[PDB]
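Asks: My questions all concern the structure below.
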Amino acid sequence: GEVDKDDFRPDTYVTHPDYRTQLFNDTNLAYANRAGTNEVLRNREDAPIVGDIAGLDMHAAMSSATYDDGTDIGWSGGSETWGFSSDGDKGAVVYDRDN
Amino acid sequence: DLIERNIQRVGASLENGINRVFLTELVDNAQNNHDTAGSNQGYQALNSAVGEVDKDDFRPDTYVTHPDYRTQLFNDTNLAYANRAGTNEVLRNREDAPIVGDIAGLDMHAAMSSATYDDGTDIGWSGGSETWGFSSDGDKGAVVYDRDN
Amino acid sequence: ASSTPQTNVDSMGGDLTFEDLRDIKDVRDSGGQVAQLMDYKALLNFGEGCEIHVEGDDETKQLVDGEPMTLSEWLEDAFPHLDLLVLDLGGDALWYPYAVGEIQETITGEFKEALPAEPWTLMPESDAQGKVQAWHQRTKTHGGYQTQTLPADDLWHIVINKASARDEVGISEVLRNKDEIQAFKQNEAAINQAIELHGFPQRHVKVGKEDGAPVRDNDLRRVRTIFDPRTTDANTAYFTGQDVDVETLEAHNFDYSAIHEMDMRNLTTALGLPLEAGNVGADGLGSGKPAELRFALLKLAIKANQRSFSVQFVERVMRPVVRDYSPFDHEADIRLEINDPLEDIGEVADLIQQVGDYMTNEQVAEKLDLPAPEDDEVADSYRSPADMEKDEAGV
Amino acid sequence: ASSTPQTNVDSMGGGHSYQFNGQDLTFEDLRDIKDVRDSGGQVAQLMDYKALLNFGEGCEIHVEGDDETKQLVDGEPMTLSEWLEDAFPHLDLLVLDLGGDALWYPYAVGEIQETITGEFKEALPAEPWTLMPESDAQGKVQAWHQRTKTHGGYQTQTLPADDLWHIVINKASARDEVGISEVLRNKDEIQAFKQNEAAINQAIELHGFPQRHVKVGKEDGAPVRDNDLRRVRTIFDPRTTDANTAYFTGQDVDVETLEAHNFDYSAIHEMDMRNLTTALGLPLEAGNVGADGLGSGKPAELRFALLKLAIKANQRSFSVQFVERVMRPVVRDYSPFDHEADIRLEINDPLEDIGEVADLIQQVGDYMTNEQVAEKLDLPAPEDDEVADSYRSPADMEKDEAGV
Amino acid sequence: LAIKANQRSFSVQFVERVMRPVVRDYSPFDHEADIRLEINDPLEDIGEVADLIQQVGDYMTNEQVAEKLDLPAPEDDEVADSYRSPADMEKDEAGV
Ligand SMILES: [Mg+2]
Ligand SMILES: [Mg+2]
Ligand SMILES: [Mg+2]
Ligand SMILES: [Mg+2]
Ligand SMILES: [Mg+2]
Ligand SMILES: [Mg+2]
């Protein structure tokens, strides 16, 4: 919705391990009747719904360490916190893959 | 080709103009209104708006919708839960779900942009009487109507 | 000599816009007098149908698909409805600078048809030699236009009207004669308005005595109601005092017939048609050598266009189709002929009676528009097949 | 090359009934055509004459090498022509109806219909003003939308393109599957005609006849009031006056006349009919209107050639579509014969003089087979193949065989 | 007359300045040969030519007739060069 309000159409999402964990506890995905399949309950990230949700064509599961926190040598660090644990953490990005 | 680019811009800008003239008439001069009062804003509002038109003995078949209203509608458990909706199409494909164009007896969804309604802020344009939105008390977020009227 | 031209070509493509093309489309579709004349032009040039010949066709006999065909037989199966295609392309090439289209295949990659494209949507892009290298297309679409460029390598195009023998881009008759077309339409509109004003009498009731008491608008409303033509029956009579005059605006004569005849004389001549095509007659011209001349001029113009179209259709459509989808030799001597629209069979029959003794039976069959005889000796011989039959039966 | 079109077309993004005039073909436009058609008078009669010229002379079915097709259909032989002649018994009427509709409307349109046992019954036309095609982004028809008056309202439905058929005589371009109505194309010319007809009729009522104007009182003398004129009206009353009524008056009554105010309505009629006939592509003569010089010699030869060419163009355009979209499917789906056979439906030339054909047969029969003569002469070919295929007449072969 | 004069003026120059150089430079044939290019008469009446052939055909070879009648000459030199019609020679051959 926030992307649609700027008149773009997103098609992909990139996700932190904490956001994945929290998302698969969502009653709308966990309960087979609510999801329309038990694939999430059975297969977690590998469920075809996870790659076909909220109008998005693709899920891109990311690692915790991949974001530049500035702690590795030669890397300067980004502005955000990549996480989904604590007030203000960025835990997913929903976006247009072609932009 | 910058003449191609500019023919495209000029066409798009004129079409956006038609879109604004249409949406501002549509939102301002609808004679019925369903007031949700900040509650039951999904399918129940859409059915109740059909009910207002039905009470005046017309039959609506189309709805025009603001991005915030769409966002709320796809959070509605009656559509989001595949159980209650009869398919998981809304959960998977959002506005592209065939259910969204076939709801409450309506047979077309005309999804519109936030900027289209004449708020009077653009130069030359002088604003409509309403607020297009679905954020705050008194916003008009959708119109349910007969396409032919 | 040389293998590239060494004289220059007075042009580069980098002449006319999509708006000029859409103007031709608007003149064409809007109908009425101008559209009907240019349709008569297309019907004369291309409406009488076509025939395919190959020189030495008999020698081409080859098994195509478990059955023999000649190249002419294969071409007649490759282009089943060539009469319609010739009328469509020939019509378009008179309206627009060119007719233009694709070659199309079946899903199996065998030939399907030559598919014409909408000529007002396409303009050629040409090199410094003046040869077309690409085609630029603009088409209407939801909320504006689509635009694309196509290579000249898989389209084909045909030009009837040219600036010169080197001109690969051609001339629209409509755009060339735009002034005469607008002059015609303006005068036709002027007559139509002038007939409404001046073609019919109008009643002028004048009320009150000259130098007498004046009459005012409220008074004239009461008078108007009495004399209202909408209410008036044919044999209505009027009774008045002396101070009412029932005058008439007469229908003021002007020779709109002569103006129509002038407009048509200009337009038909500009479009190369004889005046008779516009439903207008002229004195002395309907008889003798005066008639024979204008009809010869029409027939010569038709032959020139037909011959110009025939060559380009064979060279740009048929030969590539034979080359790419056929087992025959594409360098064979193929000809497409387009029939004479004004040929009188009665005059041909008179000729066959007068000089048949000097014509082979195949030449007679060809002139008479019939299949040649089944036996090559009777086809090749000079005296009638009926005369050979009665002799064969008698001896 | 390629197996699909790569040049675009002017379609409105698909979904619409997009037509020549850069817009959408509505059911209102379709019923406007129906109103011009049903309302009678001169415009209706002229477009009926146009249909009769193009399609009124009837039809003939040919199949190339049809003698080779001989097959038992129901324990008894037929050829494909014989099967088609049984499949379409009343084809002359169908061709006239569809050919008429395809000149009036953008298309003729219809169904294939079956018997209860599931064999072919007929090709059944449908009312063209009720049906509207939907084009895609490459212009091809994907669905037919229909609306129809029913018990005070309208029914509406969608049918697939897959099992209707349609025929287009008049096209915007060789890629146009929607076609163009000549009635919509010439709508302004049709209205201009009707308005000038009404204007002449009204002008004749007002101005075509003299009218009596009685003036009463002396000029600059005593005035006469309405109540006084009311009595004078009784005396010169045109309702009760007769041919040889005489009048006696004092000097202060003037019996004037509004003359019939001469105007050349005949020329206005000719000009209107000239505009209408040329717009509809008919010759002027079809309008019961004539012109000097154009009636004889090469001037006549030309306009009759132009008419015959226009007819032949329409006939071929119709014939091809009817064979390709009606007959071949009917052969394929309900016949024991091969649908890939070289079928032709030909429509007769309305303006043949059989006397001129008989002159031709007299002059050059020596170069024609008896079958070719029978075809030109519009007769069944001889029953025996050797005499049919021979060149000298069957009467000559008989008199010589009788000479043996 | 104006047409015939323009036609001859063109024909001579086209043969001499175009065809002969092309034959000389690209062809195995003798370029000094008597090439002629004739352009057809636009106002010729075949019905008048047919009358002429009926009236005086007796003095014209079958090739001269075929040339006037705008047809290919006979593919047999004796019948082409003879004066009486090929149909009259065919019926006499059949008379053997
Ligand atoms: Mg934003
Ligand atoms: Mg598993
Ligand atoms: Mg109400
Ligand atoms: Mg999806
Ligand atoms: Mg006064
Ligand atoms: Mg007085």
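Starting from 1 in every chain, residues are counted up; chains themselves are A, B, ... following the order of the structure tokens, and ligands are numbered from 1 as listed.
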Please list as a VMD selection string every residue within 12 Å of residue 324 of chain D, counting only C-alpha atoms and excluding residues in the same chain fewer than 3 positions away.
Replies: (chain C and resid 80 to 81) or (chain D and resid 165 to 167 317 to 321 327 to 332 339 to 345)
Asks: Given the selection you just returned, output its residues as a file containing N, CA and C atoms, formatted as a tab-separated table (two decimals), in the first residue's frame.
Replies:
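Okay, part08.tsv is ready:
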```
chain	number	residue	atom	x	y	z
C	80	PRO	N	-4.65	-17.88	-53.05
C	80	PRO	CA	-5.96	-18.31	-53.53
C	80	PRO	C	-6.88	-17.16	-53.92
C	81	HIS	N	-6.79	-16.04	-53.19
C	81	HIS	CA	-7.71	-14.92	-53.31
C	81	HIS	C	-6.99	-13.66	-53.81
D	165	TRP	N	-20.32	-17.00	-36.64
D	165	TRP	CA	-19.57	-16.59	-37.82
D	165	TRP	C	-20.06	-15.21	-38.26
D	166	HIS	N	-19.20	-14.48	-38.96
D	166	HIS	CA	-19.52	-13.13	-39.42
D	166	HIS	C	-18.82	-12.83	-40.75
D	167	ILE	N	-19.39	-11.88	-41.52
D	167	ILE	CA	-18.91	-11.53	-42.85
D	167	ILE	C	-18.88	-10.01	-42.95
D	317	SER	N	-15.76	-10.45	-52.35
D	317	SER	CA	-15.49	-10.25	-50.93
D	317	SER	C	-16.43	-11.08	-50.06
D	318	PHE	N	-17.72	-11.13	-50.41
D	318	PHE	CA	-18.72	-11.92	-49.70
D	318	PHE	C	-18.48	-13.41	-49.89
D	319	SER	N	-18.36	-13.86	-51.15
D	319	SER	CA	-18.20	-15.26	-51.53
D	319	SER	C	-17.06	-15.94	-50.78
D	320	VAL	N	-15.88	-15.31	-50.78
D	320	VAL	CA	-14.71	-15.84	-50.09
D	320	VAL	C	-15.02	-16.05	-48.61
D	321	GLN	N	-15.54	-15.04	-47.92
D	321	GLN	CA	-15.83	-15.15	-46.50
D	321	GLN	C	-16.91	-16.19	-46.20
D	327	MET	N	-19.23	-22.42	-45.16
D	327	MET	CA	-19.29	-23.70	-45.86
D	327	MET	C	-18.19	-24.67	-45.42
D	328	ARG	N	-16.91	-24.25	-45.39
D	328	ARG	CA	-15.83	-25.17	-45.02
D	328	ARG	C	-16.02	-25.76	-43.63
D	329	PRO	N	-16.36	-25.00	-42.57
D	329	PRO	CA	-16.74	-25.57	-41.28
D	329	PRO	C	-17.88	-26.59	-41.37
D	330	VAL	N	-18.93	-26.30	-42.14
D	330	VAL	CA	-20.05	-27.22	-42.30
D	330	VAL	C	-19.61	-28.52	-42.99
D	331	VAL	N	-18.73	-28.44	-44.00
D	331	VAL	CA	-18.16	-29.63	-44.63
D	331	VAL	C	-17.31	-30.41	-43.62
D	332	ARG	N	-16.38	-29.73	-42.94
D	332	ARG	CA	-15.47	-30.32	-41.98
D	332	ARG	C	-16.20	-31.09	-40.87
D	339	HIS	N	-12.88	-31.02	-46.53
D	339	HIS	CA	-13.11	-29.59	-46.45
D	339	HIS	C	-12.02	-28.74	-47.13
D	340	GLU	N	-10.84	-29.31	-47.38
D	340	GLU	CA	-9.78	-28.61	-48.10
D	340	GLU	C	-10.02	-28.53	-49.62
D	341	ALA	N	-11.13	-29.10	-50.13
D	341	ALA	CA	-11.48	-29.05	-51.55
D	341	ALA	C	-11.67	-27.62	-52.05
D	342	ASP	N	-11.39	-27.40	-53.35
D	342	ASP	CA	-11.47	-26.10	-54.01
D	342	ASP	C	-12.91	-25.69	-54.33
D	343	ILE	N	-13.66	-25.33	-53.27
D	343	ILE	CA	-15.03	-24.81	-53.36
D	343	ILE	C	-15.00	-23.35	-53.85
D	344	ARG	N	-15.95	-22.98	-54.72
D	344	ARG	CA	-16.29	-21.60	-55.02
D	344	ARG	C	-17.81	-21.42	-54.91
D	345	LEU	N	-18.24	-20.36	-54.22
D	345	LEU	CA	-19.60	-19.87	-54.34
D	345	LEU	C	-19.54	-18.64	-55.24
```
Asks: Give me the residues near residue 54 of chain A as a list in words, where near means some atom within 10 Å (using only C-alpha atoms) and where sequence neighbours in that chain fewer than 5 positions away do not count.
Replies: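 Neighbouring residues, sequence-local ones excluded: residues 1, 10, 11, 12 and 49 of chain A; 74, 80, 89, 90, 91, 92, 93, 94, 95 and 96 of chain B.
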Asks: Please find the residues contacting ligand 4 at a distance of at most 7 Å between atoms, with only C-alpha atoms and all ligand atoms counted, and report them as a PyMOL selection string.
Replies: (chain A and resi 52-53+55-57) or (chain B and resi 92-93)
Asks: Please, which residues have at least one atom within 9 Å of an atom of ligand 6, using only C-alpha atoms and all ligand atoms, listed as a count of residues only?
Replies: 4
Asks: Report as a PyMOL selection string all protein, DNA and RNA residues lying within 12 Å of residue 3 of chain A, evaluated on only C-alpha atoms, omitting residues in the same chain fewer than 2 positions from it.
Replies: (chain A and resi 1+5-12+93-96) or (chain B and resi 67-68+71+113-114)
Asks: When you draw a straight line from atom CA of residue 101 of chain D to atom CA of residue 83 of chain C, how long is it in Å?
Replies: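 About the pair atom CA of residue 101 of chain D and atom CA of residue 83 of chain C: they are 23.3 Å apart.
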Asks: At a cut-off of 12 Å, using only C-alpha atoms, what residues contact residue 84 of chain A? Leave out same-chain residues fewer than 6 positions from it and give the result as JSON, numbers by chain.
Replies: {"A": [15, 16, 17, 18, 19, 20, 21, 22, 23, 64, 90, 91, 92, 93]}
Asks: So which residues are near ligand 2, meaning at most 10 Å away with only C-alpha atoms and all ligand atoms counted, given back as an MDAnalysis selection string?
Replies: chainID A and resid 39:44 46:47
Asks: Got time to write the residues from that selection, N, CA, C and O atoms, as a PDB file, in the first residue's frame?
Replies:
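Writing the result to result.pdb gives the following:
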```pdb
ATOM      1  N   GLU A  39       1.001 -25.785   3.102  1.00  0.00           N
ATOM      2  CA  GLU A  39       2.393 -25.702   2.672  1.00  0.00           C
ATOM      3  C   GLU A  39       3.289 -24.911   3.631  1.00  0.00           C
ATOM      4  O   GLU A  39       4.406 -25.339   3.891  1.00  0.00           O
ATOM      5  N   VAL A  40       2.820 -23.787   4.198  1.00  0.00           N
ATOM      6  CA  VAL A  40       3.626 -23.003   5.135  1.00  0.00           C
ATOM      7  C   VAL A  40       3.903 -23.785   6.419  1.00  0.00           C
ATOM      8  O   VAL A  40       5.051 -23.865   6.856  1.00  0.00           O
ATOM      9  N   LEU A  41       2.862 -24.397   6.996  1.00  0.00           N
ATOM     10  CA  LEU A  41       2.961 -25.251   8.174  1.00  0.00           C
ATOM     11  C   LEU A  41       3.959 -26.394   7.956  1.00  0.00           C
ATOM     12  O   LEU A  41       4.752 -26.694   8.843  1.00  0.00           O
ATOM     13  N   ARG A  42       3.956 -26.997   6.763  1.00  0.00           N
ATOM     14  CA  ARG A  42       4.817 -28.131   6.462  1.00  0.00           C
ATOM     15  C   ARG A  42       6.240 -27.730   6.071  1.00  0.00           C
ATOM     16  O   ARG A  42       7.195 -28.318   6.573  1.00  0.00           O
ATOM     17  N   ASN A  43       6.391 -26.741   5.177  1.00  0.00           N
ATOM     18  CA  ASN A  43       7.614 -26.532   4.415  1.00  0.00           C
ATOM     19  C   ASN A  43       8.266 -25.159   4.629  1.00  0.00           C
ATOM     20  O   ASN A  43       9.323 -24.903   4.054  1.00  0.00           O
ATOM     21  N   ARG A  44       7.681 -24.280   5.457  1.00  0.00           N
ATOM     22  CA  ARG A  44       8.312 -23.031   5.886  1.00  0.00           C
ATOM     23  C   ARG A  44       8.707 -22.148   4.691  1.00  0.00           C
ATOM     24  O   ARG A  44       7.825 -21.845   3.898  1.00  0.00           O
ATOM     25  N   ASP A  46      10.053 -22.855   1.926  1.00  0.00           N
ATOM     26  CA  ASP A  46       9.940 -23.561   0.651  1.00  0.00           C
ATOM     27  C   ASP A  46       8.500 -23.621   0.123  1.00  0.00           C
ATOM     28  O   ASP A  46       8.276 -24.081  -0.999  1.00  0.00           O
ATOM     29  N   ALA A  47       7.527 -23.169   0.922  1.00  0.00           N
ATOM     30  CA  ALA A  47       6.114 -23.135   0.557  1.00  0.00           C
ATOM     31  C   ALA A  47       5.875 -22.168  -0.606  1.00  0.00           C
ATOM     32  O   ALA A  47       6.293 -21.015  -0.540  1.00  0.00           O
TER      33      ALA A  47
END
```
Asks: To check your reading of the model: which residues sit at most 9 Å from ligand 3 when counting only C-alpha atoms and all ligand atoms? Write the answer as number ranges by chain.
Replies: B: 31-33, 52-57
Asks: Can I get the residues of chain C within 7 Å of ligand 5, each with the closest pair of atoms and their distance in Å to one decimal, using only C-alpha atoms and all ligand atoms, sorted chain first then ascending number, as JSON lines?
Replies:
```
{"residue": "C:212", "atom": "CA", "partner": "ligand 5", "partner_atom_place_in_ligand_line": "1 (Mg)", "distance": 7.0}
{"residue": "C:213", "atom": "CA", "partner": "ligand 5", "partner_atom_place_in_ligand_line": "1 (Mg)", "distance": 4.9}
{"residue": "C:214", "atom": "CA", "partner": "ligand 5", "partner_atom_place_in_ligand_line": "1 (Mg)", "distance": 6.8}
```
Asks: Among chain A, which ones does DSSP place in helix (DSSP H, G or I), written as a tab-separated table (two decimals) with C-alpha atoms, in the first residue's frame?
Replies:
```tsv
chain	number	residue	atom	x	y	z
A	4	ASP	CA	1.04	1.96	-4.32
A	5	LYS	CA	0.43	5.45	-2.81
A	6	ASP	CA	3.51	6.63	-4.75
A	17	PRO	CA	15.47	-14.35	9.59
A	18	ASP	CA	13.46	-12.77	12.47
A	19	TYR	CA	10.84	-11.40	10.05
A	20	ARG	CA	10.59	-14.88	8.42
A	21	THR	CA	10.14	-16.50	11.86
A	22	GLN	CA	7.43	-14.02	12.87
A	23	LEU	CA	5.66	-14.25	9.46
A	24	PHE	CA	5.35	-18.06	9.63
A	27	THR	CA	-2.34	-17.25	11.94
A	28	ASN	CA	-3.32	-16.34	8.34
A	29	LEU	CA	-0.39	-18.43	6.97
A	30	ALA	CA	-0.03	-21.05	9.74
A	32	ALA	CA	-4.19	-24.26	6.46
A	33	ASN	CA	-7.81	-23.13	5.96
A	34	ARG	CA	-6.84	-19.43	6.33
A	35	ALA	CA	-3.91	-19.80	3.88
A	39	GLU	CA	2.39	-25.70	2.67
A	40	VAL	CA	3.63	-23.00	5.13
A	41	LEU	CA	2.96	-25.25	8.17
A	42	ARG	CA	4.82	-28.13	6.46
A	43	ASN	CA	7.61	-26.53	4.41
A	44	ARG	CA	8.31	-23.03	5.89
A	45	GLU	CA	10.37	-20.90	3.39
A	46	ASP	CA	9.94	-23.56	0.65
A	48	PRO	CA	4.92	-21.68	-2.83
A	49	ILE	CA	2.64	-19.16	-1.01
A	50	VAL	CA	5.75	-17.52	0.51
A	51	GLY	CA	6.86	-16.59	-3.03
```
Asks: Could you list, as a PyMOL selection string, every residue within 8 Å of segment 264-272 of chain C, counting only C-alpha atoms and ignoring same-chain residues fewer than 2 positions away?
Replies: chain C and resi 37-38+173+177+180-181+184+260-262+274-275+277-278+280+298
Asks: Create the file for the chosen residues now, containing N, CA, C and O atoms and written as a compact mmCIF listing (two decimals), in the first residue's frame.
Replies:
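Wrote result_29.txt, looks like this:
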```
# COMPACT_ATOMS: atom_id res chain seq x y z
N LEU C 37 -15.09 8.98 -56.03
CA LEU C 37 -14.23 9.07 -57.22
C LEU C 37 -12.94 8.26 -57.05
O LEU C 37 -12.55 7.53 -57.95
N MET C 38 -12.27 8.38 -55.91
CA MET C 38 -11.03 7.65 -55.71
C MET C 38 -11.26 6.14 -55.57
O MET C 38 -10.44 5.34 -56.02
N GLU C 173 -1.59 10.68 -54.25
CA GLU C 173 -2.46 11.48 -55.10
C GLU C 173 -3.30 12.48 -54.30
O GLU C 173 -3.51 13.61 -54.74
N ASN C 177 -2.98 16.55 -54.67
CA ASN C 177 -4.18 17.28 -55.09
C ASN C 177 -4.97 17.87 -53.91
O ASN C 177 -6.16 18.16 -54.04
N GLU C 180 -7.06 21.06 -54.76
CA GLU C 180 -8.26 20.80 -55.55
C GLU C 180 -9.34 20.09 -54.72
O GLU C 180 -10.52 20.40 -54.88
N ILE C 181 -8.95 19.19 -53.83
CA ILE C 181 -9.87 18.52 -52.92
C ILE C 181 -10.53 19.53 -51.98
O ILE C 181 -11.75 19.55 -51.85
N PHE C 184 -12.88 21.85 -53.99
CA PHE C 184 -14.12 21.13 -54.24
C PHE C 184 -15.02 21.14 -52.99
O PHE C 184 -16.18 21.54 -53.08
N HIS C 260 -21.48 23.19 -59.61
CA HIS C 260 -21.22 21.76 -59.46
C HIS C 260 -20.46 21.18 -60.65
O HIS C 260 -19.49 20.44 -60.47
N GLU C 261 -20.88 21.52 -61.88
CA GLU C 261 -20.23 21.02 -63.08
C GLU C 261 -18.78 21.50 -63.16
O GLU C 261 -17.90 20.71 -63.47
N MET C 262 -18.51 22.77 -62.83
CA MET C 262 -17.15 23.28 -62.77
C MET C 262 -16.32 22.55 -61.71
O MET C 262 -15.20 22.11 -61.99
N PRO C 274 -12.11 10.66 -66.40
CA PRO C 274 -12.96 11.47 -67.28
C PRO C 274 -14.14 12.03 -66.49
O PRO C 274 -14.59 11.43 -65.50
N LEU C 275 -14.66 13.17 -66.95
CA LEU C 275 -15.73 13.90 -66.28
C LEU C 275 -16.98 13.04 -66.05
O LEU C 275 -17.65 13.16 -65.02
N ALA C 277 -17.24 10.04 -65.03
CA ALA C 277 -17.16 9.30 -63.78
C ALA C 277 -17.83 10.04 -62.61
O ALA C 277 -18.31 9.41 -61.67
N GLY C 278 -17.88 11.38 -62.68
CA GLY C 278 -18.51 12.23 -61.68
C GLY C 278 -19.99 12.51 -61.92
O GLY C 278 -20.54 13.46 -61.38
N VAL C 280 -21.37 13.81 -64.48
CA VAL C 280 -21.53 15.09 -65.17
C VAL C 280 -21.26 14.90 -66.67
O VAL C 280 -20.26 14.28 -67.04
N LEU C 298 -7.78 7.17 -70.68
CA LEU C 298 -8.12 6.40 -69.50
C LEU C 298 -7.47 5.01 -69.52
O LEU C 298 -6.84 4.61 -68.55
```
Asks: Determine which residues of chain C sit within 9 Å of chain B, taking into account only C-alpha atoms, and present them as a list in words.
Replies: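 Residues of chain C within 9 Å of chain B, counting only C-alpha atoms: residues 143, 144, 145, 146 and 147 of chain C.
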Asks: Those same residues, written as a tab-separated table (two decimals), in the first residue's frame with C-alpha atoms?
Replies:
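Once written, selection.tsv looks like this:
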```tsv
chain	number	residue	atom	x	y	z
C	143	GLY	CA	-4.26	6.37	-23.44
C	144	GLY	CA	-2.08	7.40	-26.45
C	145	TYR	CA	0.16	5.69	-29.03
C	146	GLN	CA	2.36	2.65	-29.47
C	147	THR	CA	5.54	3.31	-31.50
```
Asks: Could the residues of chain D within 6 Å of chain C, counting only C-alpha atoms, be given as number ranges by chain, please?
Replies: D: 2-3, 9-13, 205-206, 211-216, 219, 224, 263, 279, 293-294, 299, 309, 366, 391-392
Asks: With N, CA and C atoms retained, write the just-selected residues as a compact mmCIF listing (two decimals), in the first residue's frame.
Replies:
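What follows is the written file part-v8.txt:
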```txt
# COMPACT_ATOMS: atom_id res chain seq x y z
N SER D 2 7.78 -14.82 -39.91
CA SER D 2 7.18 -15.11 -38.61
C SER D 2 5.76 -15.69 -38.76
N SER D 3 5.24 -16.29 -37.67
CA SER D 3 3.94 -16.96 -37.67
C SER D 3 2.82 -16.11 -37.06
N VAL D 9 -1.80 -2.47 -35.01
CA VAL D 9 -3.01 -1.86 -35.56
C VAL D 9 -3.56 -0.81 -34.59
N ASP D 10 -4.47 0.05 -35.07
CA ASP D 10 -4.97 1.20 -34.31
C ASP D 10 -5.96 0.84 -33.17
N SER D 11 -6.11 -0.45 -32.80
CA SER D 11 -7.05 -0.89 -31.75
C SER D 11 -6.86 -0.13 -30.42
N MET D 12 -7.97 0.13 -29.70
CA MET D 12 -8.02 0.97 -28.50
C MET D 12 -7.47 0.26 -27.24
N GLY D 13 -6.44 -0.60 -27.39
CA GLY D 13 -5.93 -1.43 -26.30
C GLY D 13 -6.66 -2.77 -26.13
N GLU D 205 -45.74 23.59 -50.04
CA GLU D 205 -46.96 23.94 -49.33
C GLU D 205 -47.14 25.46 -49.23
N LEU D 206 -46.08 26.20 -48.92
CA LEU D 206 -46.15 27.64 -48.72
C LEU D 206 -46.18 28.42 -50.03
N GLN D 211 -52.12 32.17 -53.61
CA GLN D 211 -53.03 32.38 -52.48
C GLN D 211 -53.75 33.71 -52.65
N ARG D 212 -55.05 33.76 -52.33
CA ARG D 212 -55.83 34.98 -52.48
C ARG D 212 -55.58 35.93 -51.31
N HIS D 213 -55.36 37.22 -51.61
CA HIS D 213 -55.17 38.27 -50.61
C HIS D 213 -56.22 39.36 -50.83
N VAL D 214 -57.33 39.35 -50.07
CA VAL D 214 -58.30 40.43 -50.20
C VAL D 214 -57.92 41.59 -49.28
N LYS D 215 -57.78 42.78 -49.86
CA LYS D 215 -57.52 44.02 -49.13
C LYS D 215 -58.79 44.86 -49.09
N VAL D 216 -59.14 45.38 -47.91
CA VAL D 216 -60.42 46.04 -47.69
C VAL D 216 -60.18 47.46 -47.17
N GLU D 219 -57.22 53.29 -49.36
CA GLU D 219 -55.92 53.66 -48.82
C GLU D 219 -55.96 55.10 -48.30
N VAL D 224 -60.58 49.38 -41.19
CA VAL D 224 -61.42 48.19 -41.10
C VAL D 224 -60.86 47.33 -39.96
N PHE D 263 -39.69 28.69 -57.96
CA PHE D 263 -38.35 28.24 -57.62
C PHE D 263 -38.15 26.84 -58.20
N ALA D 279 -23.05 9.23 -52.93
CA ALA D 279 -22.60 8.86 -51.59
C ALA D 279 -22.80 7.37 -51.29
N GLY D 293 -26.59 13.67 -72.06
CA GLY D 293 -25.29 13.23 -72.58
C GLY D 293 -24.81 11.90 -71.98
N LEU D 294 -25.12 11.67 -70.70
CA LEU D 294 -24.69 10.52 -69.91
C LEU D 294 -25.50 9.24 -70.21
N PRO D 299 -19.86 7.52 -72.59
CA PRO D 299 -20.33 7.97 -71.28
C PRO D 299 -21.22 6.99 -70.52
N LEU D 309 -18.14 -3.33 -61.90
CA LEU D 309 -16.92 -3.54 -61.12
C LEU D 309 -17.20 -3.47 -59.62
N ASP D 366 -17.41 -22.18 -82.14
CA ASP D 366 -16.42 -23.06 -82.77
C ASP D 366 -15.14 -23.25 -81.95
N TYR D 391 -16.17 -29.91 -78.94
CA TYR D 391 -16.27 -28.52 -79.37
C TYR D 391 -17.48 -28.24 -80.27
N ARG D 392 -17.78 -29.12 -81.23
CA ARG D 392 -18.93 -28.90 -82.12
C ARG D 392 -20.24 -29.23 -81.41
```
Asks: Using only C-alpha atoms and a distance of at most 7 Å, pull out the residues of chain E that contact chain C, as a ChimeraX atom specification.
Replies: /E:43,47,50,54,85-87,90
Asks: Measure the distance from atom CA of residue 292 of chain D to atom CA of residue 273 of chain D in Å and round it to one decimal.
Replies: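 Atom CA of residue 273 of chain D lies at a distance of 15.4 Å from atom CA of residue 292 of chain D.
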Asks: Quick check, in Å to one decimal: how far apart do atom CA of residue 55 of chain C and atom CA of residue 333 of chain C lie?
Replies: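 Going from atom CA of residue 55 of chain C over to atom CA of residue 333 of chain C covers 5.4 Å.
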Asks: Using only C-alpha atoms, pick whichever of D:313, D:326, D:145, D:371 has the shortest atom-to-atom distance to residue 113 of chain D.
Replies: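 Checking each of D:313, D:326, D:145, D:371 against residue 113 of chain D, counting only C-alpha atoms, the winner is D:326.
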